[PDB]
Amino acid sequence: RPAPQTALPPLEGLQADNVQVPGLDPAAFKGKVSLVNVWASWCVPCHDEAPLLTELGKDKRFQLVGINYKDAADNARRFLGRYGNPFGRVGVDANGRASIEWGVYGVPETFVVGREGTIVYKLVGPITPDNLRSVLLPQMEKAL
């Protein structure tokens, strides 16, 4: 299905290369292979998976998008300062309403969005070394 057309404001004060990281504009999916991760600082598996996303963010073939779910800004900024920020865009979903449009049961969940802006794969639960290497990255490469 087409990715939901949800627009979300940014996480104020999150910077990359000395400029504010933008929020989520659904036009950003077209033409790219994107990973969309829905996370919160209070979520236990979200901590477990964070260092794996920081590494994946080094791979410039892909766009990484974060949806910060039901999380206070100070805590979200602490989280990304602790583990690093792998995301090129971070949208804040303070009330969870955008995540319902994405079909999110709880955090974390991860989606792969292809060049046509459609959802080609979903992972429920944390990214692990095994599902990164042998499930998610293969699907992402196929979508290129």
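Counting begins at 1, following the sequence as shown.
When the C-alpha B-factors of 39-47 and 115-123 are averaged, 115-123 comes out higher. For the two regions 82-90 and 98-106, the entry's Cα B-factors average higher over 98-106.
The entry lists C-alpha B-factors for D130, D17, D25, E12, and the highest of these is at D17.
When the modelled residues of the chain are ordered by C-alpha B-factor, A143 sits in the highest third.
In this PDB entry, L56 carries a Cα temperature factor that places it within the highest third of its chain's modelled residues. Annotation for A3: CA B-factor lies in the highest third of the chain's modelled residues.
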